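K.L.:
Residue numbers (the working numbering), protein chains in the order written: chain C, 1 to 144; chain G, 1001 to 1238; chain A, 2001 to 2238; chain H, 3001 to 3238; chain F, 4001 to 4276; chain Z, 5001 to 5276; chain R, 6001 to 6276; chain P, 7001 to 7042; chain B, 8001 to 8042; chain W, 9001 to 9250.
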C-alpha cells in the first residue's frame, strides 16, 4: 500500500488541512482550526503541527502578495514520497540524501531555505518520511 | 616536564585531521610497491574522463541503455524543438549526475572549472547533419528556440568523420566555485541541443540515429569542499 | 615518550587563545584570493571614518533623520544657549554611541586617541555664520555659556565654502586609556556648540538650517580590551 | 605553555606502538651484556633452519616419531601412488604446520619466500633408489600420478652419499605474500613424492626405509603481518 | 606591532592653512590630528592597535550554535542529534561582528563545548559511562543523517571529530569553505537568476551542515547535551567593512528587523549627563 | 600545490584546426579547454585541486564499523565483545569511496570512537568506574577470542590498544597489511583455483579480525558500548579508479545489488528545471 | 631495512654442482635458493623482514597478568590488591613468544590496562569519584604489602605509578632487572646446588613482585578492577631461539605439559586438502 | 608539520600537500598522440 | 622518532628499524664451510 | 589514423577503419620486473606461443542486444598455449591487447562501449546468494547482459548498470574504445597486467572483463546485413608464467 498525507494550505483563506490516505481510503482529516489529528494520535498531531508551522513559514517565505495554495503528498510507499506543489503545480521535492527540499522553481529554493532555518525541520521531515510514515503505515496495516 | 597547555581542539576526533598516531605493528615490512598501471592521484583525473551522460532521463528509458542515447532523427517534426535540454550543473542535475563527473562532484560541496560535453554520434556512416548544442549562462530561462540558443555559448557539430564534437562549456560563474547541491545562487547554465540542419539519410540508412553525451572535466576543473555523497543513503547494516 | 606535565590552563577553551588545531578537511584547496577592494585590516580604520552623529537625541527626533541634524537657526532667541551639548565619550554617551566610532568603542572596554567631530553645514549657500564648538576636559561642569566654552578647547567654525570644519578634540585624559563604559573615573569632556555670530540669511534663504556631526578617529586613536557589545542583548534564538 | 591539540589516537594503548615511557627505575645499572652465542635477531632465521616435517599425520602415527618418518619401501605395490602428498602452505597445512617454519608462519598473517623441503634418507647405506618430489603450483588438483607431478616443479633425488636432496620450492604466488590462514585465494601448491625408480635393497638390507622432510626458509623468505598464534588457545589461568 | 602616530608638536598658527576647515561632502574623512587644529605637545604615543585589528577583533571566540540533543532509550527521533546549517547568523553576538564587514575570507576554528546534563526526572539512578560525542561537518550537498544511528554517521569522507566528555572541547579548524573568494556576510541579491527565491546571505556562503550526536547508542535515562559551537574566525582578510548592527536580530536567515532608534534618546539636544 | 591550468587567451578562429571535432570512439577524452572551442579571456586560475586528490578524498575519516558490545554480570557471551573481520565494505559511506578505485595501497588510521551508554532498565543505580576498552587487531590466521575473558585478550603478539573512556578516541595507524602489493577493492576472481568458493574482494585483502571489549570485568548493570571504528586511509597510492557506486549496497561480502536507475528520472529529454 | 635476497637468474644446468644434493645430517640447513635447484627469473625482491625480527615479533604487546582486585568497605583482605610475581609465563600468548628463545635481554614496557566495573549487587546506587590505582613494582627481596593499606604502599624506594581511571593506561618501562646478563626463559637447572628444590625458569630471572591496588581507601559498594598487565619486550637481544610451544601450557611455574600430537592429524600420508 | 614523531612510516601524516596528477593515463590513453587541433581520425 | 625524551636507555622506543640477521648461526652452523654447489660429504 | 596493423605472435590483425589504439592507463605491457617480482621460479616467457591474438567466438550484434562481458584470462582457457600455460602454471602475468572487430556497412547505426574493466566484480541477480562460475565466465558462449532486472541464482546481468552495481556509462574511466559503426569497425584496447599482486592464478583470479555494451542499439533498415557479428581477438603480450605445476582440471 501507499500512505499519502495530502498536505494543503492557503495563504489567504481552513488555513491548513491534511488529508491522510492510507491507500485509496482516507483515514486522517487534520485541520488548522482544530489543531488535532481528527480521524498514536498525539504524536501524529505534534508532527502535523510541525508541518503546519512549516507551511506558515513557507507562506511567509514567498515574496509575492498573491494567493498561494501550497500542497504536498508526504508519505512512504511500502519508499518515501515527497512532492510539494505551489498553486497546483509541482515546484519542489525533498531530497532524502541531501535531506532538503528543492527544485528548479525559485519559490522552491525560498521555501526550502525557510524550512531549513527552522530548528531541525529538515531532519524532522527526514524522520517523518523515512521512519515515521512507514512506522504508521505498518501499524495501521496490522491494526486494519 | 615541559609545561603544555591543552588548547581547544584536544581529545577530539576531527574527521579531517592529519595528526600522527602510533602504529599497531611497529617496524612492519610492507609488501614492496610494484608499478601497478593506472595510478590515480587526483579524483578530478577520473572526472576529466569522458563519461557517457544519461541525458534521456525519460521514465522507463532510464535504468536501461536508452538513458544515455539521445535520439536524433531524420524528420520535419519537432526540429525547432530541442533534441535535449538539461541543466549544466553536474552535481544536482538529474542528467549530469550519477556519472564520473557528476558523481565526482557529488562527493564535494563546491566545484569549479569548464565541463566538456563530448557528443558522439551513433548512427549510419551515410547519415549527415548538423546539431547546434548550446550552453546558456544563468540569468535567463532555458533556451526554447535555437535562436535563443545561439545567443549564448554554442557549438555547431557537423556529423561526419569525427562525429564526436565536444561542447567545452566555459566558466561564466559569478563566483570562483559553484555549489554542487541545488542552490539557486551561483548555479550553472543550461545545455540544449537543436537541429541546425536535418540529418539527411539515404533510403538504406536508418532514419532515427542516436547521440551519446560524455561529461568530462578540463585542466581548469577543480572542487573545494569534501562531503559525504547523498547518492548512497545507506539504509542499515549490510 | 617525552615527559610532559599538564600545566594549569589545560583542557580549557579560552576564548582568546591562539592555539592551533587539526583541520576538518586536510589539504583543502581554498578558492584563490582575488584583490577585493576595501580590505579592512583594523576596526579603527572603520572608526576613523567620519560618521554622522545622532546629536539630536530628542524623543521622536530619534529613530528618524532628525536625530543627526543639529538645528542651527537664524534668530535672537537662545543664541547664548548651546546649539547642542553632550559628553565626549563615544562609548556610553547616548549621542556619540550607535555610530561607527561609538559602536566601534562599544566592542571594547578601553579606548584612547583623539576624536575628530566634523561639523558639516546643511543649509543655503547664502547663509553665513560662526559656530563655536568646544570640548571641555573633565574636572568642571558642562559648559553653560560660550564664555565657559572658549576657556577649554574650542574651534570657531566660519560657515562658508568649506562648511565642514572639524573639532579634532585632544587627548587630555589623565590615563593612557579611558573607559568605554559609564565610568566616572577617566571620563572624557563635553562637546557644546554655541553661536559665535548669528547665521544671517537673506529673505529668500531659509532661516532654520542644519548641522551634521561626524564622529571619526585620528591616527592616534586606539582601543585595548575586547568585549562583547552591550548594544545587541540578544533575547533568544532567531 | 605550548598549545597542543589531542589528536585522534590519544590516551590509547595500541599494542603495536613504539612510544616512549618513563622508567620504573631511573639510572638503573643493567648487567653488562656478554656475548652469549646464538644471537637470534630475526624470527625467519629460526624459520630458515631445516626442521623435521611431520609429513605422516596418519592417526596414531602422530604424537610419536612415526609422524616425521616418510615410509619409503622396496616393493612393486603402490609405486605409482604418492609416497606422500600434502599442501605447500606452512601456515594452515596440518603437515607443514607445528614446525619451525610452520609455527613461525602461524605467528603471522602474511608470508612470502621460497620454502626448502630437505628430504633426508634414513635407511641402509646399501639401499639405492630415486624419489621424484614435486611442488605443483595452484590452479589444478593435487598430483595423482608422477606424470602429473613432473609437469610442475619437480626434483629427482638419487638416494646415495648425499641422501639429503632438497626440493627448494619456488615462489609462483600470484601476489607478493600468501595467506597463513586457510585462504582459497593466494594459496600455495602441493608437495607430492613418487618413486622414480624403486629403491632396490640387498637381501641383508631392510626393505622398508624412511624419509624425513625438513622445512626451512630461503634468503627470499619473509612475513609481513604479526598476529597471535591460533595453536595455543589458552583455556584459562595456569 | 606599529603603534599610533605620535602627536607632533604644534604652536600658534595664523596661516592660510585651514586644517579644520575642510569638506566632508567630498566623502573624505579629515585627516587632521590634534596638532593640526590645536596647540599640543610632542608625546611619543605607544598605544598599539594590535588587539583592534579584524584578526584580533574576530579572534575572540563567541558561541554561534546552541541546541540540546538527547540520549534516551531506543525510540530514536530528531531530538537525539543537533542539526545546524553552519551559519554565523544563528547567535547575534558573533553575527554582529561578522556583519560589521561585507566580505571576510578566513579559516574558522569550530570549538564544541558540549555540556551534558541529565534531564530532571523521577528516576535518575543511572550510572552511564563517559559520553562520547560525534561532531560531523556534512559538506554542502552531501548526505545528512536522518536518525542518530544512520549510515551518514559513518564518515567515509565527511569530516568528523569524536570527543570524550571531560577533555578539552573539540576544536577543528574548518578551512575556507566557500565557492567564491570570500564569505558574503551580506548578499543583496537573490537565490535565483529570475529575481526570486531566497533572499540574503543564505543563498551564497552555503556552508555545509553540522550534525552532533552521542556516539553512545543509548542511556538508561535521558541526558540532554548542549553542543554550544563557538566560532573563532582567524586568518581574517575582511573586505568592505560595515557599521555594527543597530536593530536587534529577529531571524537568522535575513537581516529583517523591527525598526529601532538610531541611538539612546536624551532629554534635549543640550542635555549632557554631568555631575552637579 | 600546483593549481589548475589557466585559460589561455583566444580569439576568432576559422582555421583547419578542429578542437571540438574529435573522436571519443578512440577512447581518448578530448583535451580541449574553453579557449580551444570558444573565444575566452586570459584568467590566471588559482583553483588548487589539493583537496581533490585521492590522498585528501580518502583523507576524510568515515565510520566503517558499528556494533554494540556489552558489559553485564558474569554470564559472559558473544555480546560482551564486538567482532569485525576488518573490511571497508561494512559501512557504505567509505565503501563507495574505496570502491571508486580497484587497487589502493595505503596505511589505514583506525580510530575507535567508543560511546558507552547504560542500557535502559528497571535498576540503573550503579556507579561504575571509568570503563576501559581494549581494541585488539588479531592478525589473519591468529587466535581469536571465544569469550570476553579468553586468553586471546592477552596480546603477546597481536596489536592492541587500551583506551580509557573520556580521552581522545584511540587512533592506531595500521600499516599496509596485504599479501599483495595493493588492496583489491574489487576482486573479479574466486577464492579457489577450481573457479569455485567465495567470490569477491573477501577472498583477497584478508585483513585480520578486530575484537573490542571492556577491560573492566563486569558492571553492576548492563552498559552497551558502540565501538564506531572510523577509517582514515592515508599514504594513498590508489590504482585503476572506478566510478562511484550507483546501486545501494546490500551485502558487505559481495557487490550484489538490486538494479537501480542510471540516474534520477526526468519528465522528458527536453525537461530543464528552471525558474519561470 | 635490508630486504630479502633477490632470486638470481638461472638457466639449465647439467654441471657436477649438486645444490639440491646435500647433507642435512651435518646439521647445516641447505642454503640453496630457487635458482640453485630450478630455472628461475631475475626478480628484484623487496619483501622486507623488518616486522619479522625479534624486536618486532616481541614488540607486539600482549597481556601477561589478569587478576581482579576489589574496592569495598573497611573489611580489608587479600582481594583488595592484585599480587603478581612478575613472570612472562602467566599468560600463554606472550609466554610462547618468549619461550621461542632461551635467553632474551630486553627492557620490558609494562602497561596496566585497568578496567574497573562495579560488581553486580542488590544496591549499586553509589556515585564514587574517579578511581585512582597504584601499581607498585616491589624489588625482589623487598617488603611486600600485607594489606591494601600497609606501609609497603608508601613507595620510598620501590618504583610505583599512580594512574587515574580514564587516562592512557599506565606504561612504565622496567629496565633489565636480572642478576645475570639475560633472562632465562628456560632454566634446565634447579634452584639449589644439591640438585633439589624448585625446577625451571622460576629459580632464576626472579623478577620482583607487582602489587596493584585502589589508591581510594574505600567504595560505598564493591567495585572489581581487572589490572590486565600487558608486556612489550623492546630492545630485544634474544639468544638461543627455541621452537614455538606445541603442547598447551598447564602451569606458569614449569613447562609441565599433557602430551600433544606433533601436528594436526590427517587421513593419510597421501591426503592433500584440495578442491575437487 | 613535516616532522614525524614516530619511526613507523605508516604512522606519518596524510600526504595532503602532495598534488600530483596524470590525467593522460585515463583521459589520453591512446597509443598514438591525439592532438586537439588535429582531426582525431585520418 | 629517533629523539629520546627520557634519559633512561630502557625508556627508549622499540628498535623496530633495526633489521639484522645472521642465519649462518643456525642454518649454517658447521665448522667447515659447506658450499651448496659442492657435495656436502666427501 | 584509421588504417592500422598489429603483429603480435603468429596472428596479425589488420584494420582499415579502427580508431586510435588505447593503452590501458597509458602503461604499455611488459614482463614483471625483478624489483616488482615476488616469485623466484624463473618464469617462462613465450614471446609468440602465448602472445598472439586468440579469436573468440563471434557474437551477433542484435537490435535488442543489451551487451556482453568476457573474463579475459579465463575466456582464453583451453584456447592455445596461453590456456595450456594457464592450466600448467600457478602464477601468471600478461598484458592483453584486445582487438574487438565489429564490421558493418555505412548504413548501419550503433555504438558499443568496448571497455576493459579490471576486476569488474559483478553483482548477483539474487543479492543474498552468489552466482556460480558458469554465470560469470564464458561457457561455450559469451555472457550477455539483460535489458531489465533479472532474478534467480545468476549474475545480475542487468545492462541498466555496469554489472557491479555502478553506472554503465561511467565505465569509460577504465580503458575503452567505442565501436561506432559510422567511424569504428573495431576497437583496440591495450590493457597492461593490472592486478594488486605481481602474479595471480589465471583461473582463480579474473584479471578483467571486456564489457561490450551497445549504448545505441544496432538499428539498420531492411535489406542490410542483419547478422552483424562482434568478434573478439585478444593477444596476451608478455604472458609471464610462474609456479609451473600439474595442469588444472578446468
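Note that CB positions come from ideal geometry on N, CA and C, so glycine has one too.
Going along the region 1022-1041 of chain G in order, which residues come within less than 7 Å of chain B, judged by CB to CB distance?
P.N.:
1026, 1027
K.L.:
So that I know if they touch, is there some Cβ in chain F lying closer than 9 Å to that of residue 6118 (chain R)?
P.N.:
yes
K.L.:
With a threshold of 16 other CB atoms inside 10 Å of the CB of residue 5119 (chain Z), please say whether the residue is buried or exposed.
P.N.:
Counting Cβ neighbours within 10 Å, residue 5119 (chain Z) comes out buried, since at least 16 surround it.
K.L.:
Checking 9 Å against the spacing of the C-beta atoms, do residue 9040 (chain W) and residue 3220 (chain H) come in under that value?
P.N.:
yes
K.L.:
For residue 1156 (chain G), which residues in the same chain have their Cβ closer than 7 Å to its Cβ, ignoring the five residues on either side in sequence?
P.N.:
1130, 1132, 1196
K.L.:
Quick one: what does DSSP say residue 5207 (chain Z) is sitting in, helix, strand or coil?
P.N.:
Reduced to three states, the DSSP call for residue 5207 (chain Z) is coil.
K.L.:
Check residue 5055 (chain Z) in the structure and name its three-state DSSP category.
P.N.:
For residue 5055 (chain Z), the secondary structure class from DSSP, reduced to helix, strand or coil, is helix.
K.L.:
By Cβ distance below 7 Å, which residues in the same chain neighbour residue 5241 (chain Z) in space, the five residues on each side in sequence not counted?
P.N.:
5100, 5101
K.L.:
Using the Cα positions of residue 4115 (chain F) and residue 1008 (chain G), report the straight-line distance between them to the nearest angstrom.
P.N.:
15 Å
K.L.:
Is it right to say residue 2078 (chain A) is buried, meaning 16 or more other beta carbons lie within 10 angstroms of its own, or is it exposed?
P.N.:
With a threshold of 16 other beta carbon atoms within 10 Å, residue 2078 (chain A) falls short and is exposed.
K.L.:
Based on the DSSP output, what are the partners of residue 3039 (chain H) in its beta bridges?
P.N.:
Beta-bridge partners of residue 3039 (chain H) (DSSP): R:6239.
K.L.:
For the region 91-125 of chain C, which residues have a CB atom closer than 7 Å to at least one CB atom of chain G, in sequence order?
P.N.:
95, 96, 97, 98, 102, 106, 109
K.L.:
Return the CA-CA distance between residue 6184 (chain R) and residue 6232 (chain R), expressed in angstroms with no decimal places.
P.N.:
17 Å
K.L.:
Below 8 Å between beta carbons is the criterion; list the residues of the region 6052-6068 of chain R that meet it against any residue of chain G, in chain order.
P.N.:
6052, 6053, 6055, 6056, 6059, 6060
K.L.:
Residues of chain P with CB closer than 7 Å to the CB of residue 9183 (chain W), please, in chain order.
P.N.:
For residue 9183 (chain W), the C-beta contacts it makes with chain P under 7 Å involve 7041, in order along the chain.
K.L.:
Excluding the five sequence neighbours on either side, which residues of its own chain have a C-beta within less than 7 Å of the C-beta of residue 5215 (chain Z), listed in chain order?
P.N.:
Result list for residue 5215 (chain Z): 5132, 5133, 5134, 5162, in chain order.
K.L.:
Out of P:7031, P:7042, P:7020, state which residue places its alpha-carbon closest to the alpha-carbon of residue 9191 (chain W).
P.N.:
P:7031
K.L.:
So with CB distances below 9 Å, who are the chain I contacts of residue 3019 (chain H)?
P.N.:
Among the chains of the structure shown, chain I does not appear; the protein chains present are C, G, A, H, F, Z, R, P, B and W.
K.L.:
So, does the CB of residue 5093 (chain Z) fall closer than 9 Å to a CB anywhere in chain G?
P.N.:
yes
K.L.:
Suppose you measure from the CA of residue 6086 (chain R) to the CA of residue 6151 (chain R); what does that come to, to the nearest Å?
P.N.:
21 Å
K.L.:
Run the CB neighbour count on residue 6024 (chain R), radius 10 Å, all protein chains shown included, and call it buried at 16 or more, exposed below.
P.N.:
Result: buried.
K.L.:
Where DSSP assigns a beta bridge to residue 6212 (chain R), which residues make up the other side?
P.N.:
R:6082, R:6135
K.L.:
Between the C-alpha atoms of residue 1038 (chain G) and residue 7023 (chain P), what's the straight-line distance to the nearest angstrom?
P.N.:
10 Å
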